[PDB]
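Heads up: the sequence lines are chains A and B, in that order.
The first sequence maps to residues -5 to -1, 1 to 120 in the authors' numbering.
The second sequence maps to residues -5 to -1, 1 to 120 in the authors' numbering.
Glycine residues also receive a C-beta, built at the ideal position from the N, C-alpha and C atoms.
This report refers to the structure that appears directly beneath it.
Number of protein chains: 2
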Amino acid sequence: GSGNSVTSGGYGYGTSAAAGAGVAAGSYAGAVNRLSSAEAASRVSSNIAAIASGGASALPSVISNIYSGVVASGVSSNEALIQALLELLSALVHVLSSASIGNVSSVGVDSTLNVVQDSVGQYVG
Amino acid sequence: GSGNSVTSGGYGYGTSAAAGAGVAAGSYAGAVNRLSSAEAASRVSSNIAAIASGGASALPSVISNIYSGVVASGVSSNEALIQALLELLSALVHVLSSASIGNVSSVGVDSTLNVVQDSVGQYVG
């Protein structure tokens, strides 16, 4: 302890290759190891059919579903972001296993990016 | 600039509703409203065909491609994680626009979550 608190960068206390739970400034691995727990699986598999339907329009809805679920555990706000995002990242990649994709064009990604900013930008900001 | 610097919580500077760019410890909206730039659209459109063809097997390869691209832009290391991920999150939701999904299963997501930990778990910790 010191009492005199000032500031700190994303290093020293935690950089990478760690256990987690308030390790770095915005990086925490504990939010990740919890993904192999049934906790995530119960939420992620519930929203697979949501993202599969909305594509990107489901993001602001599904992220909200998962985020609140993680925060309900009593986790740090910033670490909750990570876990909730990681749980989110799992729902939409699993659907591709069954999603017989056709042909995607390299156009309109610019516009899709404008949408992703809406869903998570309000959590990282 | 106080001589000494002891760690503190990621608040005070830009707790919420902030424009971005090193606003919080692990939260930055600046890494999000930059996605509407040609920068992301030029990277993410190269990732769309990759993730579409792998589902989750492309994550560890695509995330790294984008991450190194963002870090070389002179961005903060922990902030890069956010932007690089947001650009990543844009590629895989774009593909659903032309990906006619059929029937996904709520079983196996538990296992998929184990893989997502490998791709980003080395950047978040």
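A Cβ-Cβ separation of about 6 angstroms places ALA13 (chain B) in contact with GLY120 (chain A) under the 8 angstroms criterion.
Listed in chain order, the non-local C-beta contacts of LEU108 (chain A) below 7 angstroms within the same chain number zero, local neighbours out to five positions each way being set aside.
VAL90 (chain B) is positioned such that its CB atom lies no closer than 7 angstroms to that of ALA79 (chain B).
The residue among A:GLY(-5), A:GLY5 and A:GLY15 with its C-alpha nearest the C-alpha of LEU76 (chain B) is A:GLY5. For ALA19 (chain B), the CB contacts under 8 angstroms within the same chain, skipping 5 residues up- and downstream, are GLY5, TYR6, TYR8, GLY9, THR10 and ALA13 in chain order. Those residues of the region 58 to 75 of chain B placed with their C-beta closer than 7 angstroms to a C-beta in chain A are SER72 and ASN73, ordered along the chain. Per DSSP, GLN112 (chain B) is one residue of the alpha helix (DSSP H) stretching across 104 to 115. Judged by DSSP in its simplified three-state form, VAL1 (chain A) adopts coil rather than helix or strand. In this chain, the alpha helix (DSSP H) harbouring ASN60 (chain A) covers 54 to 66. Contact annotation, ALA86 (chain B) with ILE58 (chain B): C-beta distance approximately 10 angstroms; criterion of less than 8 angstroms not satisfied. Per DSSP, the unbroken alpha helix (DSSP H) holding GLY49 (chain A) starts and ends at 33 to 49. In terms of beta-carbon proximity, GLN112 (chain A) lines the interface with chain B, with at least one pair separated by less than 7 angstroms. Cβ atoms of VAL99 (chain B) and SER93 (chain A) come within 8 angstroms of each other, at about 4 angstroms. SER3 (chain B) and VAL1 (chain A) have their C-alpha atoms some 6 angstroms from each other. Taking 8 angstroms as the upper bound for CB-CB distance, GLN117 (chain A) and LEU30 (chain B) are not in contact here, some 14 angstroms apart.
Only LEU30, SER31, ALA33, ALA35, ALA36, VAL39, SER40, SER41, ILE43, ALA44, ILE46 and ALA47 from the region 29 to 47 of chain B bring a Cβ to less than 8 angstroms from some Cβ of chain A.
A Cβ-Cβ separation of about 7 angstroms places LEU81 (chain A) in contact with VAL115 (chain B) under the 8 angstroms criterion. Contact annotation, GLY21 (chain A) with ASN28 (chain B): C-beta distance approximately 17 angstroms; criterion of less than 8 angstroms not satisfied.
Nearest Cα to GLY49 (chain A) within the set B:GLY97, B:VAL104, B:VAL88 and B:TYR62: B:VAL88. Per DSSP, reduced to three states, the secondary structure at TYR23 (chain B) is coil, with no helix or strand assignment.
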